[PDB]
Structures are given as C-alpha cells and as structure tokens.
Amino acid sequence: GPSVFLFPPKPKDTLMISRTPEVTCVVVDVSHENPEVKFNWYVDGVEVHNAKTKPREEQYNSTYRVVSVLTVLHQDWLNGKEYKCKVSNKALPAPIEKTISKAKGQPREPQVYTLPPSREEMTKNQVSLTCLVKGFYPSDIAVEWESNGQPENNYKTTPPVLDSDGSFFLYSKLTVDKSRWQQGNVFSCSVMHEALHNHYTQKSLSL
C-alpha cells in the first residue's frame, strides 16, 4: 500500500518575504495499476483548494511517487496554523491523513556571539572563526557567512542541540587563511530566525 510523508517549508522561505514557502505532501509506493491519487487539503480544519500536483515520477522500483504542493502564507505558518493532507487511492482501505505545523512553544530570540580563533591556532595553515547562536526557539534557523558583502562558503554548522533551558543552540565554523584574518579583514555571521527583529541580525568579527 502507498505511504505518505508531509514536509514543512524551508526556514528561509518562511522568514524572507521575498520567497514563497510551501508544504509538500509526498506519496510513495503508488502502484502502476492504480496511480490515481486524490488529495484533500485542510488548514485548521477548513478545506482549501489552491494546491497543485507535481508531475508524476517513475521510481523504477515498481512504484510511482505522487506529490502535491500547497503554497502557504508566511504569517499563517509563523502563526502556528495546522496543515493536513488527506490521501485517497483505490488500494487504500481508508484515506491516510498526516498533519504538520510549526513547533509549538514560545519563540525565543537567539543570542549571536562571534568568537575569534585561539592564540594556539595562530601557527596553523588556516584559522577557525566561530559563531555561537544560542537561546533560540524554535530550532528552525538559517546561518551563513560573508565578507565585504560577498558570501563565504567554507563553513560547517552543527545541527541544533537542545539546551538545558528548553532552548536550542548551535555553533558555526568558518575556516579561512591566517593571512586574511591577520590583515584585519571583516567577516560576518548572518542569522535568520523568526524571533529576531526583522528575522535578521549580523555579527561582525575582526581586529
């Protein structure tokens, strides 16, 4: 029988007004003999009709993958509205329903602190620039780095770790050439989270 998986929108799509967030209802193990799948979408119980079906995709393992996409309003998602996707198909004795929404809990503003490399590190080829993002809730966040308005892609960010106070924290490490850091260059930690003023804040790091 078919299986269903309901995915939330990307953090950046919900936090940036210049983007369009969407919920994706994925149906796997759809059979070749009965691929007709009916979707019924609800938002807080009220049925909606603006969803679109993505083109069917052959998986080559004897099944299809049928997907429905529902566009959501930034404020509707951020306000904790619930999205339910009901999936009906002939091979399904009874319709399958999945529900997803933002994590419930009072949102808390992340504190962002940039931390320079250790004195002991000043002898290696490349130095590490740290950015501590703590005290945030929910865990939905986006962290990036830049210098002179240009994006720095040489970084790794730990997944959010649940702190002892019910909030989340994480660390992001950007690795650069000692020269750059030594020269006084300015590097920044860009963080996007719903609880920040304008869902944004930048923290600079240099000498």
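Numbering starts at 1 and follows the sequence shown.
Relative to one another, 154 to 162 and 27 to 35 have unequal mean CA B-factors, and 27 to 35 is the one with the higher figure. The PDB entry records a higher mean C-alpha B factor for 181 to 189 than for its counterpart among 18 to 26 and 181 to 189.
By the numbers in the PDB entry, the CA B factor is greatest at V127 among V127, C85, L73, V112.
Between the residues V69, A142, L174, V46, it is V46 that shows the highest Cα B-factor in the PDB record. In the deposited entry, the Cα temperature factor of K134 sits in the bottom third of values across the chain's modelled residues. Compared with the other modelled residues of the chain, the Cα B-factor recorded for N40 ranks in the middle third. When the CA B factors of the chain's modelled residues are split into thirds, the value for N148 lands in the highest one. Looking at the C-alpha B-factors along this chain, the one for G1 belongs to the highest third.
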